[PDB]
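Have a look below at one chain only, the form deposited in one PDB entry, in structure tokens format.
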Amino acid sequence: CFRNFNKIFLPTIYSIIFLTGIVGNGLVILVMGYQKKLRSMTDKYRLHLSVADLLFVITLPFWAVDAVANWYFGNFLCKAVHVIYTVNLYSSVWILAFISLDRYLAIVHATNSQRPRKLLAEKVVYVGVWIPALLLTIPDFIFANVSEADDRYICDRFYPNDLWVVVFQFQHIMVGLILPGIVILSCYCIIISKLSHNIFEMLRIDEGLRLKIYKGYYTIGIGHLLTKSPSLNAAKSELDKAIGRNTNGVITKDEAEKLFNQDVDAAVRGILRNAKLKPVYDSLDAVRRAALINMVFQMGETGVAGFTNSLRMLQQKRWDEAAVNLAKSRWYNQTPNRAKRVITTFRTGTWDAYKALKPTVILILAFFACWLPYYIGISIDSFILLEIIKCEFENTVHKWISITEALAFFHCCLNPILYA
């Protein structure tokens, strides 16, 4: 086979990203870099991400000049462009891994374990993400050179065997996607598990945990209504029907968690069906979502849906207005302290009655979305390389790899785009 339809259209893509990326990241480093005021730890990591992108976007006119006609830059700049691309390739994804780590420490070890969150943001990021990637750039400092093949000069990495190619193109999948990707997905699974337990701890304080059958109808665990029927043996049959064994009126703390988690999912599925509740729950955050779930566990789907003004105020982020409006209700004088805690939870968004993770989820997912078509492409090239699929299809796939790598560069002008 042999190695240009998208080569005068492709340089416009580097230019769009250079113009958006330089202006975008430039004003972020202008705002963040010289400011002292409102700094959640993720903003410090975002500055590291913005500086990494800014350094790399400066390299884009070179990519565009190389794509249009030639490489007039020389030996040193061929190495520099290649080293700046590698540092931005590894640091970016690893900054998101350190951002995901920060979230794990913020949700799981909030008070349980003092911050190492300060150390990762102030010092570790330099020698744990910056320096390794700055040293991983060494094979590109010498193997990347200027070729004077035809009157047209080609600047790229010239290794010696191919067996040197796959060992580095595996190092790229490992350090670039496998190692940081695991960290991010681990945090995203540990959090949602130990965050849907805070709902247990919130409702244990409010509804109460009873391991034996109590009443005013027959009840078990975190307020699980078994039957309205005036018969204890009928309550046993309803208990054994949805738990497994013939328990006989007594359950345990660990197995009580499961029963409650089933009622949480049933209420969540119900909220996602209610015309009034569905948009509000989708608008709210984890803690404020749990405060609304708490209300469904007490009033019910219809009971919550009734609070027209407050639900609209919760949907529109008007916290103090929603809390004041909710205080002027039937519920606030029915259960003064349970409503006091829930209202103040809706007011602040914290567990202070006993930290936003949502923009982080968007940032990582958008980065994953940017690089996804390139990963879809690169795999097919590796599939044809191993002789799994079969020359016209080979060079046409290479074409999409060129455009997807350039469309993936949009990840640079996104961290600044996130501030909407």
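Heads up: residue numbers just count along the shown sequence, starting at 1. Between two forms, the rigid core is the largest collection of C-alphas that superpose within 1.5 Å.
Form deposited in another entry: not shown, discussed below.
Q: Choose, among 384, 55, 363, 65, the residue with a C-alpha displacement of 2 Å or more between the shown form and the other one when the rigid core is used for superposition.
A: It is 384; the other listed residues stay below 2 Å.
Q) After superposition on the rigid core, does the Cα atom of residue 257 shift by at least 2 Å between the shown form and the other one? A) Shift at residue 257: below 2 Å after core fit.
Q. Aligning on the rigid core, do we see the C-alpha of residue 240 shift 2 angstroms or more between the shown form and the other one?
A. Superposed on the core, residue 240 moves its C-alpha 2 Å or more between the shown form and the other one.
(Q) Would residue 289 count as moving between the shown form and the other one, using a Cα shift of 2 angstroms or more after superposing the core as the test? (A) No; residue 289 is a residue whose C-alpha shifts by less than 2 Å between the shown form and the other one when the cores are overlaid.
Q) Versus the form shown, are the CA atoms of residue 222 and residue 112 closer or farther apart in the other entry, given a shift of 3 angstroms or more? A) Relative to the displayed form, residue 222 and residue 112 move farther apart in the other entry - a change of at least 3 Å between their C-alphas.
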